[PDB]
Every structure is written in C-alpha cells, then in structure tokens.
$ cat start-v7.tsv   # TSV, C-alpha atoms and all ligand atoms
chain	number	residue	atom	x	y	z
A	700	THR	CA	12.74	10.59	-48.59
A	701	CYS	CA	14.31	13.09	-46.00
A	702	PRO	CA	13.66	12.19	-42.29
A	703	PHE	CA	12.15	14.58	-39.75
A	704	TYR	CA	15.38	14.50	-37.65
A	705	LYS	CA	17.37	16.13	-40.54
A	706	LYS	CA	15.00	19.06	-40.96
A	707	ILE	CA	15.08	22.35	-39.03
A	708	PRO	CA	11.37	23.40	-38.61
A	709	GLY	CA	10.38	26.84	-39.86
A	710	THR	CA	13.35	27.25	-42.13
A	711	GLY	CA	14.27	25.84	-45.48
A	712	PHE	CA	17.29	24.12	-43.91
A	713	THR	CA	18.48	20.52	-43.72
A	714	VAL	CA	21.48	18.98	-41.91
A	715	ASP	CA	23.55	16.04	-43.27
A	716	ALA	CA	20.76	15.25	-45.84
A	717	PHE	CA	22.52	14.60	-49.19
A	718	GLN	CA	21.36	11.01	-50.07
A	719	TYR	CA	17.64	11.73	-50.94
A	720	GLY	CA	18.21	13.68	-54.13
A	721	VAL	CA	16.45	17.04	-54.24
A	722	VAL	CA	14.75	17.71	-50.89
A	723	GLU	CA	11.45	19.54	-51.55
A	724	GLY	CA	11.57	23.05	-50.01
A	725	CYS	CA	15.28	23.00	-48.99
A	726	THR	CA	17.12	26.26	-49.76
A	727	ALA	CA	20.39	25.56	-47.78
A	728	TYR	CA	22.05	22.17	-47.05
A	729	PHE	CA	24.31	22.19	-43.90
A	730	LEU	CA	27.15	19.60	-43.51
A	731	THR	CA	28.38	19.05	-39.91
A	732	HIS	CA	31.63	17.19	-40.82
A	733	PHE	CA	33.52	15.23	-43.46
A	734	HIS	CA	32.56	11.57	-42.51
A	735	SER	CA	31.04	9.54	-45.37
A	736	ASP	CA	27.69	8.59	-43.64
A	737	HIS	CA	27.07	12.36	-43.25
A	738	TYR	CA	28.23	13.54	-46.71
A	739	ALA	CA	26.67	10.52	-48.56
A	740	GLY	CA	25.35	11.74	-51.90
A	741	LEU	CA	27.62	14.76	-52.35
A	742	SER	CA	29.79	14.78	-55.48
A	743	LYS	CA	30.84	17.08	-58.37
A	744	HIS	CA	27.24	16.74	-59.59
A	745	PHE	CA	25.71	18.64	-56.61
A	746	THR	CA	24.35	22.13	-57.54
A	747	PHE	CA	22.71	23.61	-54.39
A	748	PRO	CA	24.30	25.73	-51.62
A	749	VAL	CA	26.32	23.79	-48.96
A	750	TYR	CA	27.08	25.51	-45.62
A	751	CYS	CA	29.96	24.14	-43.47
A	752	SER	CA	33.30	24.95	-41.69
A	753	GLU	CA	36.43	26.10	-43.68
A	754	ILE	CA	38.10	22.70	-43.17
A	755	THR	CA	35.01	20.80	-44.32
A	756	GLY	CA	34.90	23.11	-47.38
A	757	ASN	CA	38.62	22.31	-48.17
A	758	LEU	CA	37.77	18.59	-48.19
A	759	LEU	CA	34.62	19.05	-50.30
A	760	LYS	CA	36.60	21.05	-52.96
A	761	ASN	CA	39.76	18.75	-53.05
A	762	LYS	CA	38.48	15.19	-52.25
A	763	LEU	CA	34.83	15.07	-53.53
A	764	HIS	CA	35.39	17.69	-56.27
A	765	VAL	CA	32.35	19.78	-55.37
A	766	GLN	CA	32.43	22.99	-57.40
A	767	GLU	CA	33.62	26.09	-55.49
A	768	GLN	CA	30.54	28.13	-56.42
A	769	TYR	CA	28.36	25.88	-54.18
A	770	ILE	CA	30.67	25.87	-51.11
A	771	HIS	CA	29.81	28.43	-48.38
A	772	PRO	CA	32.37	28.23	-45.52
A	773	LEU	CA	31.53	29.97	-42.20
A	774	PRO	CA	33.91	30.88	-39.35
A	775	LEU	CA	33.45	29.44	-35.85
A	776	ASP	CA	32.13	31.26	-32.72
A	777	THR	CA	30.70	34.07	-34.92
A	778	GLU	CA	27.08	35.15	-35.39
A	779	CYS	CA	26.30	34.83	-39.16
A	780	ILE	CA	23.11	35.30	-41.30
A	781	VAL	CA	22.09	32.54	-43.73
A	782	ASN	CA	18.89	33.03	-45.91
A	783	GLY	CA	17.67	35.57	-43.35
A	784	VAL	CA	18.27	33.40	-40.22
A	785	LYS	CA	20.89	33.92	-37.49
A	786	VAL	CA	23.25	30.88	-37.02
A	787	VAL	CA	26.45	30.09	-35.10
A	788	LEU	CA	28.93	27.22	-35.72
A	789	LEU	CA	30.66	25.79	-32.61
A	790	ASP	CA	33.56	23.30	-32.32
A	791	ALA	CA	32.08	19.79	-31.86
A	792	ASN	CA	35.25	18.16	-30.37
A	793	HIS	CA	34.88	15.35	-32.98
A	794	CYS	CA	37.22	15.17	-36.05
A	795	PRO	CA	38.91	18.18	-37.79
A	796	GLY	CA	36.35	20.68	-39.09
A	797	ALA	CA	33.40	19.14	-37.21
A	798	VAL	CA	30.78	21.57	-35.91
A	799	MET	CA	27.59	21.90	-33.90
A	800	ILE	CA	25.01	24.38	-35.35
A	801	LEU	CA	22.97	26.89	-33.24
A	802	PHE	CA	19.82	28.07	-35.09
A	803	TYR	CA	17.94	31.22	-33.86
A	804	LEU	CA	14.50	30.73	-35.43
A	805	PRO	CA	12.42	33.70	-36.57
A	806	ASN	CA	9.62	32.81	-34.02
A	807	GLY	CA	12.13	32.97	-31.07
A	808	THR	CA	12.82	29.21	-30.69
A	809	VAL	CA	16.55	28.24	-30.31
A	810	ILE	CA	17.69	24.82	-31.66
A	811	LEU	CA	21.13	23.12	-31.18
A	812	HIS	CA	22.15	20.35	-33.62
A	813	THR	CA	25.26	18.60	-32.25
A	814	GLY	CA	26.28	16.80	-35.44
A	815	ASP	CA	28.67	14.13	-34.11
A	816	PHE	CA	30.32	15.39	-30.86
A	817	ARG	CA	32.35	14.46	-27.74
A	818	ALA	CA	30.72	16.51	-25.03
A	819	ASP	CA	33.10	18.50	-22.80
A	820	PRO	CA	32.69	20.88	-19.81
A	821	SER	CA	34.27	23.74	-21.90
A	822	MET	CA	31.01	23.73	-23.94
A	823	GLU	CA	29.18	24.96	-20.84
A	824	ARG	CA	31.14	28.28	-21.15
A	825	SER	CA	30.57	28.88	-24.86
A	826	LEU	CA	27.79	30.95	-26.58
A	827	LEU	CA	25.40	28.18	-25.50
A	828	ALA	CA	25.29	29.57	-22.03
A	829	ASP	CA	24.00	33.03	-23.19
A	830	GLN	CA	20.34	31.90	-23.76
A	831	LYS	CA	17.87	29.05	-23.29
A	832	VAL	CA	18.00	26.26	-25.90
A	833	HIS	CA	14.57	24.67	-26.57
A	834	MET	CA	15.28	21.75	-28.88
A	835	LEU	CA	18.38	19.48	-29.05
A	836	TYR	CA	19.24	17.24	-32.03
A	837	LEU	CA	21.64	14.78	-30.27
A	838	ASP	CA	24.49	12.44	-31.17
A	839	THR	CA	23.32	9.38	-29.18
A	840	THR	CA	26.06	6.91	-30.35
A	841	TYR	CA	26.88	5.81	-26.74
A	842	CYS	CA	23.59	6.52	-24.94
A	843	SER	CA	23.80	3.51	-22.49
A	844	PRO	CA	25.65	3.31	-19.12
A	845	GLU	CA	28.00	0.49	-20.09
A	846	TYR	CA	29.79	2.89	-22.47
A	847	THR	CA	32.72	4.29	-20.39
A	848	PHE	CA	36.10	5.29	-21.72
A	849	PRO	CA	39.25	7.04	-20.69
A	850	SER	CA	40.10	10.61	-21.51
A	851	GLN	CA	41.90	11.28	-24.86
A	852	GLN	CA	44.83	12.60	-22.82
A	853	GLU	CA	45.19	9.32	-20.79
A	854	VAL	CA	45.19	7.32	-24.03
A	855	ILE	CA	47.81	9.60	-25.72
A	856	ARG	CA	50.12	9.47	-22.69
A	857	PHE	CA	49.99	5.64	-22.77
A	858	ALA	CA	50.73	5.62	-26.52
A	859	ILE	CA	53.70	8.08	-26.29
A	860	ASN	CA	55.26	6.06	-23.40
A	861	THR	CA	54.74	2.69	-25.11
A	862	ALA	CA	56.27	3.86	-28.41
A	863	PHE	CA	59.26	5.70	-26.78
A	864	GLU	CA	60.19	2.59	-24.74
A	865	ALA	CA	59.92	0.15	-27.74
A	866	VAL	CA	62.06	2.28	-30.13
A	867	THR	CA	64.64	3.11	-27.40
A	868	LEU	CA	64.99	-0.69	-26.73
A	869	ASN	CA	65.20	-1.42	-30.58
A	870	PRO	CA	66.15	1.63	-32.87
A	871	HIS	CA	65.31	-0.66	-35.89
A	872	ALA	CA	61.59	-0.93	-34.78
A	873	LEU	CA	58.92	0.73	-36.99
A	874	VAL	CA	55.73	2.21	-35.46
A	875	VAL	CA	52.48	1.78	-37.46
A	876	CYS	CA	49.08	3.46	-36.85
A	877	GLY	CA	45.84	2.35	-38.53
A	878	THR	CA	43.34	4.90	-39.99
A	879	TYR	CA	40.07	4.89	-42.26
A	880	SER	CA	38.73	8.45	-42.30
A	881	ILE	CA	39.70	11.75	-40.80
A	882	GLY	CA	39.75	11.97	-36.97
A	883	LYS	CA	42.20	10.69	-34.31
A	884	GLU	CA	45.20	12.44	-35.88
A	885	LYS	CA	46.63	13.18	-32.40
A	886	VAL	CA	47.45	9.50	-31.93
A	887	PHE	CA	50.03	9.45	-34.72
A	888	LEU	CA	51.16	13.10	-34.38
A	889	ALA	CA	52.00	12.65	-30.65
A	890	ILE	CA	53.89	9.36	-31.21
A	891	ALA	CA	55.96	10.93	-34.06
A	892	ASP	CA	56.74	14.06	-31.93
A	893	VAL	CA	58.22	11.95	-29.05
A	894	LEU	CA	60.35	9.93	-31.57
A	895	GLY	CA	61.57	13.07	-33.44
A	896	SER	CA	60.12	11.88	-36.77
A	897	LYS	CA	57.74	12.94	-39.53
A	898	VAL	CA	54.78	10.66	-40.24
A	899	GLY	CA	54.91	8.75	-43.58
A	900	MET	CA	51.80	7.90	-45.62
A	901	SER	CA	50.20	7.31	-49.05
A	902	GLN	CA	49.73	10.22	-51.48
A	903	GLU	CA	45.90	9.99	-50.97
A	904	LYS	CA	46.17	10.29	-47.15
A	905	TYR	CA	48.76	13.12	-47.38
A	906	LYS	CA	46.32	15.06	-49.67
A	907	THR	CA	43.59	14.68	-47.01
A	908	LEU	CA	45.86	15.99	-44.14
A	909	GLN	CA	46.95	18.95	-46.22
A	910	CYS	CA	43.28	20.19	-46.16
A	911	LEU	CA	43.04	20.32	-42.32
A	912	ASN	CA	44.64	23.73	-41.42
A	913	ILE	CA	47.08	22.02	-38.91
A	914	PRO	CA	49.78	24.55	-37.97
A	915	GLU	CA	53.27	23.64	-39.24
A	916	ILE	CA	51.89	20.54	-41.05
A	917	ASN	CA	54.75	20.50	-43.65
A	918	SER	CA	57.24	19.81	-40.80
A	919	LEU	CA	55.07	16.88	-39.47
A	920	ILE	CA	54.11	14.65	-42.45
A	921	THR	CA	55.67	13.19	-45.66
A	922	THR	CA	55.11	10.85	-48.63
A	923	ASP	CA	58.68	9.49	-48.34
A	924	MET	CA	58.08	6.28	-46.32
A	925	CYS	CA	61.86	5.55	-46.19
A	926	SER	CA	62.71	8.69	-44.30
A	927	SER	CA	60.18	8.26	-41.39
A	928	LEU	CA	59.75	5.91	-38.35
A	929	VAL	CA	56.03	6.22	-37.93
A	930	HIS	CA	53.84	5.01	-40.89
A	931	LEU	CA	50.07	5.21	-41.49
A	932	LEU	CA	48.17	2.28	-43.06
A	933	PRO	CA	44.53	1.47	-43.69
A	934	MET	CA	42.92	0.03	-40.54
A	935	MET	CA	42.28	-3.24	-42.55
A	936	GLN	CA	45.99	-3.87	-42.84
A	937	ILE	CA	46.61	-3.79	-38.97
A	938	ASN	CA	46.84	-7.57	-38.48
A	939	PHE	CA	49.81	-9.99	-38.41
A	940	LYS	CA	49.68	-10.92	-42.13
A	941	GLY	CA	49.41	-7.32	-43.34
A	942	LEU	CA	52.08	-6.00	-41.05
A	943	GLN	CA	54.51	-8.87	-42.06
A	944	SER	CA	53.81	-7.94	-45.73
A	945	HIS	CA	54.47	-4.30	-44.98
A	946	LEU	CA	57.78	-5.08	-43.27
A	947	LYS	CA	58.92	-6.91	-46.50
A	948	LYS	CA	58.08	-3.81	-48.53
A	949	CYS	CA	60.30	-1.49	-46.50
A	950	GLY	CA	63.60	-2.86	-47.81
A	951	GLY	CA	64.83	-4.43	-44.54
A	952	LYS	CA	65.33	-0.98	-42.90
A	953	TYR	CA	63.22	-2.30	-39.99
A	954	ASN	CA	63.22	-5.62	-38.19
A	955	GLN	CA	60.13	-5.25	-35.88
A	956	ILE	CA	56.69	-3.58	-35.84
A	957	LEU	CA	54.77	-2.02	-33.01
A	958	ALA	CA	51.21	-1.15	-34.20
A	959	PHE	CA	48.27	0.79	-32.80
A	960	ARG	CA	44.58	0.19	-33.60
A	961	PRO	CA	42.56	3.10	-32.33
A	962	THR	CA	38.98	1.88	-31.99
A	963	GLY	CA	35.70	2.98	-30.50
A	964	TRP	CA	34.43	1.06	-27.50
A	965	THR	CA	34.75	-2.86	-27.98
A	966	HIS	CA	33.32	-5.28	-25.26
A	967	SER	CA	36.48	-5.16	-22.76
A	968	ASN	CA	36.08	-1.37	-21.62
A	969	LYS	CA	34.03	-2.91	-18.77
A	970	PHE	CA	37.17	-4.22	-16.78
A	971	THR	CA	40.50	-2.93	-18.02
A	972	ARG	CA	42.00	0.68	-17.09
A	973	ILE	CA	44.47	2.05	-19.73
A	974	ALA	CA	47.56	1.27	-17.61
A	975	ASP	CA	46.67	-2.49	-17.72
A	976	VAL	CA	46.57	-2.80	-21.48
A	977	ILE	CA	48.82	-5.49	-22.98
A	978	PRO	CA	49.22	-6.17	-26.73
A	979	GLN	CA	48.57	-9.22	-28.91
A	980	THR	CA	51.96	-10.48	-30.13
A	981	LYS	CA	53.00	-12.88	-32.92
A	982	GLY	CA	56.76	-13.11	-33.23
A	983	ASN	CA	58.33	-9.74	-34.18
A	984	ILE	CA	54.92	-7.89	-34.49
A	985	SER	CA	52.94	-6.44	-31.54
A	986	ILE	CA	49.48	-4.81	-31.84
A	987	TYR	CA	47.78	-2.59	-29.22
A	988	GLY	CA	44.07	-1.86	-29.21
A	989	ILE	CA	43.54	1.66	-27.71
A	990	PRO	CA	40.11	3.10	-27.07
A	991	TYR	CA	40.48	6.63	-28.44
A	992	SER	CA	36.88	7.99	-28.75
A	993	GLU	CA	35.64	11.11	-30.63
A	994	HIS	CA	32.05	10.55	-29.35
A	995	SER	CA	30.62	11.35	-25.90
A	996	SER	CA	30.72	8.65	-23.18
A	997	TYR	CA	27.37	8.06	-21.42
A	998	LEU	CA	28.48	10.17	-18.41
A	999	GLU	CA	29.76	13.00	-20.73
A	1000	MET	CA	26.49	13.07	-22.71
A	1001	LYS	CA	24.36	12.98	-19.52
A	1002	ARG	CA	26.33	15.92	-17.92
A	1003	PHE	CA	25.94	18.07	-21.06
A	1004	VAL	CA	22.19	17.42	-21.48
A	1005	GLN	CA	21.45	18.02	-17.68
A	1006	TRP	CA	23.30	21.33	-17.95
A	1007	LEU	CA	21.53	22.40	-21.19
A	1008	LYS	CA	18.01	21.50	-19.92
A	1009	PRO	CA	16.27	21.18	-23.34
A	1010	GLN	CA	12.49	21.06	-23.62
A	1011	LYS	CA	12.71	18.39	-26.35
A	1012	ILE	CA	15.42	15.95	-27.50
A	1013	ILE	CA	15.57	14.50	-31.05
A	1014	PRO	CA	18.12	11.63	-31.41
A	1015	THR	CA	20.21	11.38	-34.58
A	1016	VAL	CA	21.93	8.00	-33.96
A	1017	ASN	CA	20.34	4.50	-33.52
A	1018	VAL	CA	16.96	5.76	-34.63
A	1019	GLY	CA	16.11	2.95	-37.06
A	1020	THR	CA	14.62	0.49	-34.53
A	1021	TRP	CA	11.82	0.72	-31.89
A	1022	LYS	CA	13.76	-1.00	-29.20
A	1023	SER	CA	16.57	1.55	-29.60
A	1024	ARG	CA	14.27	4.55	-29.61
A	1025	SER	CA	12.41	3.30	-26.51
A	1026	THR	CA	15.60	2.71	-24.52
A	1027	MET	CA	16.91	6.18	-25.29
A	1028	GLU	CA	13.56	7.74	-24.25
A	1029	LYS	CA	13.81	6.04	-20.83
A	1030	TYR	CA	17.25	7.62	-20.16
A	1031	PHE	CA	16.15	11.09	-21.27
A	1032	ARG	CA	13.21	10.85	-18.75
A	1033	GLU	CA	15.53	9.72	-15.92
A	1034	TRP	CA	17.88	12.65	-16.60
A	1035	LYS	CA	14.97	15.16	-16.57
A	1036	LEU	CA	13.52	13.80	-13.28
A	1037	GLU	CA	16.95	13.88	-11.59
A	1038	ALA	CA	17.82	17.44	-12.62
A	1039	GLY	CA	14.34	18.95	-12.26
A	1040	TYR	CA	13.58	20.35	-15.79
A	1101	NI	NI	31.49	11.34	-37.43
$ encode --input "start-v7.tsv" --output "structure tokens"
Amino acid sequence: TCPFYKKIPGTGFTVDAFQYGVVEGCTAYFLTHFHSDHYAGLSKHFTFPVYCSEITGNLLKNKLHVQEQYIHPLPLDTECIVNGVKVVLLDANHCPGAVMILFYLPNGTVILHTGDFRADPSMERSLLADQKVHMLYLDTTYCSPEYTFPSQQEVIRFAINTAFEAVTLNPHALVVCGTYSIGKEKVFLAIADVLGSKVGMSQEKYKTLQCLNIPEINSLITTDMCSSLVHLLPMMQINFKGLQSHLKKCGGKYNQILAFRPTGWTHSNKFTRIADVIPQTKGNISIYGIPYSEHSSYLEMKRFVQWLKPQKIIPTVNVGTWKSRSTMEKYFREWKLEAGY
C-alpha cells in the first residue's frame, strides 16, 4: 500500500508510486525521472495517465513499451493545468529528463516535490522565488555532514586531462567508462570530445541515448565499437578480469586500457581532493574511481532548504528506519534555528 510521502494532499495525485497496483483515489500518476526504483511497476500493462517530462516520456514509450495513449509529456518552466490544478515542472539537475514538481493547491498551499535532485544556486532564481513554498518533499540521499564532494566541473576537468595525457603517450590505448542507468553522460561525452572520437556502445545503450534529446547526438555516439576510442560497458565489467576479456574481444586494435568508474560517495571522500586521485593498476589496465554525484551534497542541500524556508519537510530517501528518520529530523531543526524560520 501507497505511502504518505508519495501522495499530494487535496489532489488525486501521486508521485513515483507505480509498485502498489491501483492506488485508491489516484487520478494522475507523476513520474519524476527514468530510474528503476522510481518507475518500478510501470510496463506495457499500465492503463492510467502518467505525467512526466518529454525525455521521460520518450523512455517510457521506447524502453518500457508503455502505450502512447497513457503518456502525458509536459514542457519545463511553464505553468500547466492537470485535472484542474496548476503545476510547473523544473529541471532537477539529476539525470536527463529529471524534474522537480511545483503544485499550487486549490486551498492556496504550495508544495515542491524535488524528485531526485542536485541542489544548485541557480534554483534560487527560478519560479520558486516568486512565492512562498509551504511543504517540501525532499531528496535526502546525503543528509549528513560527512557527505562532501567536488563539483561536476572539477571532476570532468580531471577526467579530460587524465584521458588526453594517456592516449597522447600511447595512441593504441582504449578508454572505457562504466554505466548502469541513465545519468552521468557528461563523463564519457567530455572524454570523447577531447580525443576527437565518437563513443561506442551496445545496441541497447545506444537506443537509450537516442531518447535523450541531446543536440547533435548522431555525431557523438555509435554502435561500431571498432571505429571509436572511447567504449561504454556495464559498471559490473569495470574490473581487471572484465577489462582483460574486453581487450581480447577488440581484435588487438588496442594494447592498454584506461577505465573510469563514476560512483557516488564511497568512504575516502573524507581525505582526498580530486587532484590527488591515483588509479588502481594491474599490468596494462588502470582504473580510476571518480566521485561524480547527481545528488545534493550536505552543504548544497542545507543551502537550498535555508533559502526556501519551508514550514514542513517530508523526506523521500532513507525513510524506512527510525534511526534514519530521527537523525534527519535533528538536522532540519538545526537548519531552522540557524536561519530563523
Ligand atoms: Ni535517481
């Protein structure tokens, strides 16, 4: 049965609530983004209205085979009416097609549901600034002070420089990037752009990218592995054994691999700046762990919330345990006392 934190009170709306079968009273199902924990339950068998971004709708039609009649795409930064209620979709700074949803309730309450997001100061100059928001449904993935990470730009600059040096030293080196879902495309697109290459991948991954409305995408990607010096592989294959196996498949055209594993936070964020990163190496294979995050850091989340000044916060991540809920409640109260709301 559907949790309270996926329901928007005083509407017939739900958000990311597809795994409970038919939700009693729901007239419109919103989907924030195309990550499987959020879409769980959606398939060609679904027959109720789904509201989402154009990119999310592309993926629902082509990958999950949801019938077109049930897909209702909405543009971004535009006031729209759904079932007699004013809504706005805003860029979440997460993966492609990911949104936050602003609900203007008939009684005058305003609710922001972040979906998954990486808070940014540019959000403080969006439509959110135009009126008071009363309730916030928050992506609390990294709601603890230990969670720091570098900017996306710092990480990309390190990746571009590392790959350019390795391939300039050895023109027979292949670059590999691991992936398991949409998101983090800039890692492999920026590396391929500095090397003057397309990115090579499986037919199933190419199909996914072709749904993302990336300008000039046909000049950037290919299914011809041979012709390209940056390859994508499942994240599970980015280890010494898998990368050796892959090198054997490529018909000797390469004699070395440099690989990237974009992760979330992992314990060592605590000590190491991006400039100090060194790879794990076994023979002619080197692997770099790079902390490229599409969720808010603690400091990013705290800045956004203290600017928004909500009257109530409803967490959407790490809500299954007491301990976790209690810890998050302590931080929200600190933030409120500090900023005076
Ligand atoms: Ni996500």
$ closest_atom_pairs --input "start-v7.tsv" --of "chain A" --to "ligand NI 1101 (chain A)" --cutoff "9 Å" --atoms "only C-alpha atoms and all ligand atoms" --output "JSON lines"
{"residue": "A:731", "atom": "CA", "partner": "A:NI1101", "partner_atom": "NI", "distance": 8.7}
{"residue": "A:732", "atom": "CA", "partner": "A:NI1101", "partner_atom": "NI", "distance": 6.8}
{"residue": "A:733", "atom": "CA", "partner": "A:NI1101", "partner_atom": "NI", "distance": 7.5}
{"residue": "A:734", "atom": "CA", "partner": "A:NI1101", "partner_atom": "NI", "distance": 5.2}
{"residue": "A:735", "atom": "CA", "partner": "A:NI1101", "partner_atom": "NI", "distance": 8.2}
{"residue": "A:736", "atom": "CA", "partner": "A:NI1101", "partner_atom": "NI", "distance": 7.8}
{"residue": "A:737", "atom": "CA", "partner": "A:NI1101", "partner_atom": "NI", "distance": 7.4}
{"residue": "A:793", "atom": "CA", "partner": "A:NI1101", "partner_atom": "NI", "distance": 6.9}
{"residue": "A:794", "atom": "CA", "partner": "A:NI1101", "partner_atom": "NI", "distance": 7.0}
{"residue": "A:797", "atom": "CA", "partner": "A:NI1101", "partner_atom": "NI", "distance": 8.0}
{"residue": "A:814", "atom": "CA", "partner": "A:NI1101", "partner_atom": "NI", "distance": 7.8}
{"residue": "A:815", "atom": "CA", "partner": "A:NI1101", "partner_atom": "NI", "distance": 5.2}
{"residue": "A:816", "atom": "CA", "partner": "A:NI1101", "partner_atom": "NI", "distance": 7.8}
{"residue": "A:881", "atom": "CA", "partner": "A:NI1101", "partner_atom": "NI", "distance": 8.9}
{"residue": "A:882", "atom": "CA", "partner": "A:NI1101", "partner_atom": "NI", "distance": 8.3}
{"residue": "A:993", "atom": "CA", "partner": "A:NI1101", "partner_atom": "NI", "distance": 8.0}
{"residue": "A:994", "atom": "CA", "partner": "A:NI1101", "partner_atom": "NI", "distance": 8.1}
$ atom_distance --input "start-v7.tsv" --atom1 "atom CA of residue 711 of chain A" --atom2 "atom CA of residue 741 of chain A"
18.7 Å
$ residues_around --input "start-v7.tsv" --residues "residue 751 of chain A" --least-positions-apart "5" --cutoff "10 Å" --atoms "all atoms listed in the file" --output "NGL selection string"
:A and (728-733 or 756 or 759 or 770-775 or 788 or 796-798 or 800)
$ write_last_selection --input "start-v7.tsv" --atoms "C-alpha atoms" --output "PDB file, in the frame of the given file"
ATOM      1  CA  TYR A 728      22.050  22.170 -47.050  1.00  0.00           C
ATOM      2  CA  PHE A 729      24.310  22.190 -43.900  1.00  0.00           C
ATOM      3  CA  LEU A 730      27.150  19.600 -43.510  1.00  0.00           C
ATOM      4  CA  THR A 731      28.380  19.050 -39.910  1.00  0.00           C
ATOM      5  CA  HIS A 732      31.630  17.190 -40.820  1.00  0.00           C
ATOM      6  CA  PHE A 733      33.520  15.230 -43.460  1.00  0.00           C
ATOM      7  CA  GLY A 756      34.900  23.110 -47.380  1.00  0.00           C
ATOM      8  CA  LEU A 759      34.620  19.050 -50.300  1.00  0.00           C
ATOM      9  CA  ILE A 770      30.670  25.870 -51.110  1.00  0.00           C
ATOM     10  CA  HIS A 771      29.810  28.430 -48.380  1.00  0.00           C
ATOM     11  CA  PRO A 772      32.370  28.230 -45.520  1.00  0.00           C
ATOM     12  CA  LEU A 773      31.530  29.970 -42.200  1.00  0.00           C
ATOM     13  CA  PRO A 774      33.910  30.880 -39.350  1.00  0.00           C
ATOM     14  CA  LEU A 775      33.450  29.440 -35.850  1.00  0.00           C
ATOM     15  CA  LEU A 788      28.930  27.220 -35.720  1.00  0.00           C
ATOM     16  CA  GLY A 796      36.350  20.680 -39.090  1.00  0.00           C
ATOM     17  CA  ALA A 797      33.400  19.140 -37.210  1.00  0.00           C
ATOM     18  CA  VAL A 798      30.780  21.570 -35.910  1.00  0.00           C
ATOM     19  CA  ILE A 800      25.010  24.380 -35.350  1.00  0.00           C
TER      20      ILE A 800
END
$ closest_residue --input "start-v7.tsv" --among "A:852, A:878, A:869, A:777" --to "residue 937 of chain A" --atoms "only C-alpha atoms"
A:878
$ closest_residue --input "start-v7.tsv" --among "A:1017, A:877, A:853, A:745" --to "residue 840 of chain A" --atoms "all atoms listed in the file"
A:1017
$ residues_around --input "start-v7.tsv" --residues "segment 978-988 of chain A" --least-positions-apart "2" --cutoff "6 Å" --atoms "only C-alpha atoms" --output "ChimeraX atom specification"
/A:955-960
$ atom_distance --input "start-v7.tsv" --atom1 "atom CA of residue 905 of chain A" --atom2 "atom CA of residue 921 of chain A"
7.1 Å
$ residues_around --input "start-v7.tsv" --residues "segment 886-888 of chain A" --least-positions-apart "5" --cutoff "9 Å" --atoms "all atoms listed in the file" --output "VMD selection string"
chain A and resid 854 to 855 858 to 859 875 to 876 893 897 to 898 919 to 920 929 to 931 959 961 991
$ atom_distance --input "start-v7.tsv" --atom1 "atom CA of residue 965 of chain A" --atom2 "atom CA of residue 1024 of chain A"
21.8 Å
$ residues_around --input "start-v7.tsv" --residues "segment 703-705 of chain A" --least-positions-apart "5" --cutoff "9 Å" --atoms "only C-alpha atoms" --output "VMD selection string"
chain A and resid 712 to 716 836 1013 to 1015
$ write_last_selection --input "start-v7.tsv" --atoms "C-alpha atoms" --output "CSV table (one decimal), keeping the file's coordinate frame"
chain,number,residue,atom,x,y,z
A,712,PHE,CA,17.3,24.1,-43.9
A,713,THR,CA,18.5,20.5,-43.7
A,714,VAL,CA,21.5,19.0,-41.9
A,715,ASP,CA,23.6,16.0,-43.3
A,716,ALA,CA,20.8,15.2,-45.8
A,836,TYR,CA,19.2,17.2,-32.0
A,1013,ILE,CA,15.6,14.5,-31.0
A,1014,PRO,CA,18.1,11.6,-31.4
A,1015,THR,CA,20.2,11.4,-34.6
$ closest_residue --input "start-v7.tsv" --among "A:995, A:1020, A:962, A:918" --to "residue 791 of chain A" --atoms "only C-alpha atoms"
A:995
$ closest_residue --input "start-v7.tsv" --among "A:935, A:758, A:725, A:1012" --to "residue 911 of chain A" --atoms "only C-alpha atoms"
A:758
$ residues_around --input "start-v7.tsv" --residues "residue 833 of chain A" --least-positions-apart "6" --cutoff "7 Å" --atoms "only C-alpha atoms" --output "list in words"
residues 808, 809, 810, 1009, 1010 and 1011 of chain A
$ closest_residue --input "start-v7.tsv" --among "A:821, A:867, A:850, A:757" --to "residue 989 of chain A" --atoms "all atoms listed in the file"
A:850
$ residues_near_point --input "start-v7.tsv" --point "(61.7, -3.4, -42.0)" --cutoff "12 Å" --atoms "all atoms listed in the file" --output "PyMOL selection string"
chain A and resi 870-875+924-925+927-930+942-957+983-984
$ closest_residue --input "start-v7.tsv" --among "A:820, A:899, A:795, A:724" --to "residue 1004 of chain A" --atoms "all atoms listed in the file"
A:820
$ build_atoms --input "start-v7.tsv" --residues "segment 823-832 of chain A" --atoms "N, CA, C and O atoms" --output "short mmCIF file (atom, residue, chain, number, x, y, z; two decimals), in the coordinates of the input"
data_model
loop_
_atom_site.label_atom_id
_atom_site.label_comp_id
_atom_site.auth_asym_id
_atom_site.auth_seq_id
_atom_site.Cartn_x
_atom_site.Cartn_y
_atom_site.Cartn_z
N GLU A 823 30.06 24.29 -21.75
CA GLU A 823 29.18 24.96 -20.84
C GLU A 823 29.56 26.45 -20.66
O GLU A 823 28.80 27.19 -20.00
N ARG A 824 30.71 26.86 -21.18
CA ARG A 824 31.14 28.28 -21.15
C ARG A 824 31.24 28.93 -22.50
O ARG A 824 31.88 30.00 -22.65
N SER A 825 30.61 28.32 -23.51
CA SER A 825 30.57 28.88 -24.86
C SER A 825 29.35 29.83 -25.00
O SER A 825 28.65 30.08 -24.04
N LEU A 826 29.07 30.28 -26.22
CA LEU A 826 27.79 30.95 -26.58
C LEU A 826 26.52 30.19 -26.17
O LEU A 826 25.46 30.76 -25.96
N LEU A 827 26.61 28.90 -25.96
CA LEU A 827 25.40 28.18 -25.50
C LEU A 827 24.84 28.62 -24.18
O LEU A 827 23.63 28.47 -23.92
N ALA A 828 25.71 29.14 -23.33
CA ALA A 828 25.29 29.57 -22.03
C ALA A 828 24.48 30.88 -22.06
O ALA A 828 23.78 31.15 -21.07
N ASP A 829 24.55 31.65 -23.17
CA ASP A 829 24.00 33.03 -23.19
C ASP A 829 22.46 33.08 -23.24
O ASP A 829 21.88 34.13 -22.95
N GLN A 830 21.80 31.97 -23.61
CA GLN A 830 20.34 31.90 -23.76
C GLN A 830 19.84 30.45 -23.64
O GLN A 830 20.61 29.51 -23.79
N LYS A 831 18.53 30.33 -23.42
CA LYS A 831 17.87 29.05 -23.29
C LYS A 831 17.80 28.37 -24.67
O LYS A 831 17.46 29.00 -25.66
N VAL A 832 18.16 27.08 -24.72
CA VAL A 832 18.00 26.26 -25.90
C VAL A 832 16.78 25.37 -25.73
O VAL A 832 16.74 24.60 -24.74
#
